Ligand code: CLA
Ligand code: CLA
Ligand code: CLA
Ligand code: CLA
Ligand SMILES: CC(=O)O[C@H]1CC(C)(C)C(=C=C/C(C)=C/C=C/C(C)=C/C=C/C=C(C)/C=C/C=C(/C)C(=O)C[C@@]23O[C@]2(C)C[C@@H](O)CC3(C)C)[C@](C)(O)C1
Ligand SMILES: CC(=O)O[C@H]1CC(C)(C)C(=C=C/C(C)=C/C=C/C(C)=C/C=C/C=C(C)/C=C/C=C(\C)C(=O)C[C@@]23O[C@]2(C)C[C@@H](O)CC3(C)C)[C@](C)(O)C1
Ligand SMILES: CC(=O)O[C@H]1CC(C)(C)C(=C=C/C(C)=C/C=C/C(C)=C/C=C/C=C(C)/C=C/C=C(\C)C(=O)C[C@@]23O[C@]2(C)C[C@@H](O)CC3(C)C)[C@](C)(O)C1
Ligand code: KC1
């Protein structure tokens, strides 16, 4: 049986289309890793966390570069968010350190939930029970569509958040005016 | 199964029975320490910060003892510690805390290793006559109120003593 | 509360059907549609009061004259309303919370409120026009000029 | 589709069914062919009905017919002092135009919501009466089609022939009112109306 994404390659044996974004795209065989505290559960939890962090980072850039910083943080004034971080750190550094320790407690608890959820079987990877509106209660076909839409928007936002870091740390302008610069440079 | 505070985590089973139970022990301190030692430490940490928050915000609201000693004068709640180690006030309270904590050390050892049957946090102190023949469900809601107001005061004192040093200003940050 | 009990309010006369172009009532559960109904009336009943306050003082400069104590006082005052809203929704209800068994509009706080299901259909519609009236008074008044043009 | 051929045969026994573009065999919103063929019948009847009130309304408002009394709180009569009726729509007001448009917009709304729709069991052009359908809370005295009752008692065959001479007088007034407004923007566009039409030369196809 061949991979859908790479039809010249065989299907990776631990990927069977059960997870949401599974089209058999593992050419390096990384889903077969089972040694240094890392397996398919750990990589799926890492993918989903990289999905959700990058999804929030993209709209977190596009909120400030369109509507400005939040009130109490009007000292930013820079569209480059890699530089606007250091103006908030320059004036109100305690709230960033408030969030970074609040993340530190959340992430250390999530690291226990990952390794206890792997040893047992009562936790899907990336699952925290955070469904307060309750989309997962009915229409399992429509709930698997939301599981696939999270992965599809999250895999796209991974490139976008990594790009906005890198083309913010190299052009020092901001994402949306990097976009206008590219539009006038490559117009035909 | 399925701890309440962290529903993505299994239940730490040594928490069952004790009264402030939300299923919240992700670091599994209950699997290392006995839960009588941890509840006694939680209650004592909470009872100190209930007094410590109230004593910090009263001295910074200008409440002083009468007659005020002349070495007690010109002090806020931040500078009151170091000035009264010199005067001897802090050495006086440390004496009577050490008197109580030496007897509590006999009580904690007898609770853990001699099996006194003593509740953690219990010192027999009820002069005003609460829990007067009340049910076990009524002493448990009162024990829950002590721990949650205890747990709140520890974060409440931690704010009021950190923000006091960061500003050295008027009341609502000191 | 089921899905068809949520979408029976208000009447669907002025459009013709239930107006859901994006299909947002079909994705989720009946618990999710009850959150959509409770947040519509909470958005409406706030924007109804906030609309006439623009005319009771007539805008953006009036909030800046409120001190840091005055901003902090009334915002956590409505927070203790909305705290005890969901609290009295849970413990003092014959059914329970609006996402569990309760009415999504009933807004249980005693004293803030003081033939009625007909008024339930009229509170939403008179609230819906206020939210586009308030979002007018933020956009047609302030951010650009020639929006409505009324 | 079978009845659309039977309608157009009675409108013209020479030209039985005329469709170069074959628009009668299409759908629009994915309904079916038979539901959009009632949309096309409604839209043709509505286009012809409007244009035939527009043709009478042109020749009244192109000559000097300003009727008393002006209904305003200051003065400001019906702006026939230009005259030239495409100019005279511009000179109403800006705020008077929304009162004319939204009132027709209720009749456009009431023809859709009330008793039965043309993209269903049909009879397109049949305006539902205001007496029924229970949606309007006033209630109002008269109806749009028969306010005075003229003329109930006409048989089916007497009114089936009516729409066929409403469709043919509606098709001609579509050509009629557009031949006026073409000379209001390009002259020589209709050959027999040279010199009569005073070249409005603005934009007839824009309200405000
Ligand atoms: C990758 C995510 C991310 C990061 C690192 C930042 C970082 C920042 N934002 Mg941005 N922002 C984000 C997403 C993010 N934001 C999103 C999603 C939005 C809405 C679209 C915004 C809208 C926004 C505005 C309007 C403004 C900022 C501003 C800022 C800066 C100061 C704010 C601060 O330090 O708060 C301190 C941190 C906290 C108060 C708490 C953080 C959240 C905690 C940790 C809960 C997280 C829960 C998690 C999301 C989900 C549950 C996890 C687990 C249970 C599974 C800071 C650099 C301000 C600025 O200065 O711009 C220059 C500003 O005005 N942000
Ligand atoms: C998430 C996706 C994503 C997107 C959309 C962008 C977009 C951009 N990046 Mg970023 N970037 C990304 C991720 C992304 N990046 C990642 C993952 C990294 C590494 C971490 C970077 C690191 C980076 C750096 C260091 C820089 C950029 C820059 C740019 C800009 C350069 C223009 C460009 O090459 O567009 C991509 C071009 C195309 C996609 C071509 C379009 C092809 C068309 C649509 C095909 C249609 C052809 C058709 C079939 C033929 C028929 C038509 C014909 C008959 C006429 C552009 C805004 C530069 C910048 O900031 O400029 C100011 C820059 O310096 N990027
Ligand atoms: C965490 C416990 C704690 C500690 C270490 C301190 C430490 C201090 N306080 Mg005190 N304070 C506290 C709690 C505490 N406070 C509480 C809870 C109150 C409210 C009653 C106060 C009200 C207070 C005032 C008005 C003043 C101080 C002052 C001081 C400083 C001088 C020494 C002194 O003992 O003053 C005197 C201490 C008291 C008046 C508090 C008495 C202890 C309370 C009542 C707890 C005892 C509860 C217990 C159940 C009572 C037993 C009853 C039983 C026998 C029947 C010193 C830094 C003085 C100062 O800062 O001058 C610059 C000062 O003027 N504090
Ligand atoms: C609901 C949104 C809202 C908000 C955020 C504000 C905010 C403000 N108002 Mg405005 N105002 C509002 C609606 C609002 N108003 C309404 C609905 C009225 C008519 C009653 C007014 C009449 C008014 C006057 C005459 C004045 C202000 C002023 C002010 C400013 C400072 C003083 C103040 O806090 O007033 C207090 C808050 C209110 C008066 C609004 C209360 C709304 C009630 C609680 C709604 C619920 C009623 C409910 C049906 C029954 C409950 C009864 C129970 C409360 C007893 C502040 C910017 C002052 C100003 O500086 O103008 C430039 C000023 O002189 N307001
Ligand atoms: C070769 C060339 O170049 O041509 C040139 C020259 C020329 C001629 C100028 C041109 C033109 C313009 C033209 C031909 C315009 C034609 C306009 C047209 C055809 C207008 C129909 C109006 C009917 C109305 C308004 C009202 C009915 C009103 C009512 C109430 C009823 O019918 C009801 C009724 O039925 C019932 C229901 C019941 C019965 O009780 C009887 C009655 C009657 C009461 C051109 C093409 O532009 C260019
Ligand atoms: C049911 C129904 O009825 O509808 C049906 C049936 C029906 C009616 C039959 C239909 C039809 C048939 C139609 C409409 C046929 C029309 C075809 C058309 C419109 C053919 C244009 C040729 C122009 C050329 C080759 C220009 C060369 C110009 C050149 C080479 C120039 O140098 C241009 C010039 O400016 C410059 C650049 C430079 C100057 O130095 C010189 C000038 C000024 C001259 C429909 C609508 O399709 C469908
Ligand atoms: C050779 C061949 O095969 O041909 C084929 C080709 C083709 C295309 C395939 C086919 C077709 C379909 C056709 C021809 C469609 C064209 C239809 C046409 C010509 C439709 C105009 C309607 C006018 C309206 C709606 C409004 C007037 C507007 C009015 C009356 C007003 O609003 C008021 C106003 O006026 C007054 C009253 C007073 C003034 O103060 C103000 C103004 C001026 C505003 C055919 C049938 O098969 C024939
Ligand atoms: C902040 C949250 C909140 C709570 C938790 C709460 C609770 C109670 N209120 Mg309410 N109240 C408001 C808010 C709150 N009230 C507000 C913002 C107003 C407008 C100023 C208001 C007005 C009145 C009036 C006129 C009366 C009143 C009463 C009660 C009483 C009985 C409940 C019931 O009515 O069933 C309970 C304790 C009656 C009373 O005083 O009984 C002795 C009474 O007559 N309230």
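Each value in this text was obtained by applying a stated rule to the coordinates, not by laboratory testing. Every residue, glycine as well, gets a Cβ built from its backbone with ideal geometry; the counts of neighbours run over all protein chains shown.
May I ask you to order D:136-147, B:28-39 by the average number of other C-beta atoms within 10 Å around their residues, highest value first?
In decreasing order of mean packing, D:136-147, B:28-39 become B:28-39, D:136-147.
Compute the acute angle (0 to 90°) between the alpha-carbon long axis of helix D:95-113 and the principal axis of greatest extent of the alpha-carbon atoms of chain D; round to the nearest 10°.
It works out to around 10 degrees.
Cβ neighbours within 10 Å, averaged per peptide: list A:97-104, A:136-143 in order, most packed at the top.
With the highest mean Cβ count within 10 Å placed first, the list reads A:136-143, A:97-104.
Rounded to the nearest 500, what is the 222 nm mean residue ellipticity of chain D from helices alone, with -39500 (n - 2.57) per DSSP H run of 4+ residues and division by all residues?
Per the formula, -15000 deg cm²/dmol.
Can you tell me which of B:54, B:144, B:128 moves the most in a GNM of chain B? Springs connect C-alpha atoms under 10 Å apart.
B:128
Give the average, rounded to an integer, of partner chain Cβ atoms located within 10 angstrom of each Cβ in B:20-27.
The per-residue average across the peptide is 2.
If a/c stays under 1.5 just call it rounded; otherwise compare a/b with b/c (prolate if a/b is bigger, oblate if not). Do that for chain C, with a ≥ b ≥ c from the square roots of the Cα gyration tensor eigenvalues.
oblate
Which value at 222 nm does chain A reach when only helices count, each DSSP H run of 4 or more adding -39,500 (n - 2.57), with the total divided by all residues and rounded to the nearest 500 deg cm²/dmol?
Only helices count here, giving -19000 deg cm²/dmol.
Please build a GNM for chain A, connecting alpha carbons under 10 Å apart, and tell me which residue among A:31, A:110, A:120 fluctuates the most.
A:120
What does the average come to when, for each residue of peptide A:109-119, you count the partner chain Cβ atoms lying within 10 Å of its Cβ?
The shielding value for this peptide is 3.
Angle check, please: helix A:175-185 long axis (alpha carbons) against the longest principal axis of chain A (alpha carbons), in degrees 0 to 90, nearest 10.
Compared with the principal axis, the helix lies near 80 degrees.
What ranking, highest mean first, results for peptides B:109-115, D:112-118 when packing means the other Cβ atoms within 10 Å averaged over each residue?
Final packing ranking: D:112-118, B:109-115.
Test of understanding: in a Gaussian network model of chain A with alpha carbons linked when under 10 Å, which of A:88, A:33, A:61 would top the mean-square fluctuation ranking?
A:33
If one computes P(r) from the Cα atoms of chain D, what percent of pairs lie at distances over 29 Å?
Roughly 41 percent, once rounded to a whole number.
In whole Å, what is the distance between the alpha-carbon centres of region D:1-33 and region A:169-188?
Using only Cα atoms to place each centre, the spacing works out to 55 Å.
Can you give the Rg and Dmax of region B:1-71 based on its C-alpha atoms, in angstrom?
19.1, 60
For chain B, what is the relative contact order in percent, using Cα pairs closer than 8 Å and at least 6 residues apart in sequence?
Relative contact order of chain B: 31 percent.
Any idea what diffusion coefficient the protein assembly as shown gets from Stokes-Einstein, in µm²/s, Kirkwood Rh on alpha carbon pairs, 25 °C, 0.890 mPa s?
Once the numbers are plugged in, D ends up at 69 µm²/s.
As a check on your grasp of the helix formula, calculate [θ] at 222 nm for chain C: sum -39500 (n - 2.57) over DSSP H runs of n ≥ 4, divide by the residue count, round to the nearest 500.
-18500 deg cm²/dmol
For region D:70-94 and region C:48-84, what is the separation of their C-alpha centers, rounded to whole Å?
47 Å
Between the helical axis of A:40-67 and the dominant principal axis of chain A, each derived from Cα atoms, what acute angle in degrees is found, rounded to the nearest 10?
For helix A:40-67, the angle is close to 20 degrees.
Let me confirm one metric for peptide C:23-33, namely the mean number of other chain beta-carbon atoms within 10 Å of its residues' beta-carbons.
Partner Cβ neighbours, averaged per residue: 5.
Is region B:99-140 best put as rounded, prolate or oblate by its Cα gyration tensor, with a ≥ b ≥ c the root eigenvalues, rounded for a/c under 1.5, and otherwise prolate when a/b is larger than b/c, oblate when not?
oblate
Checking the a/c ratio against 1.5 first, then a/b against b/c, what shape does the Cα gyration tensor give for region A:96-188?
Oblate, since a/c reaches 1.5 and b/c is not below a/b.
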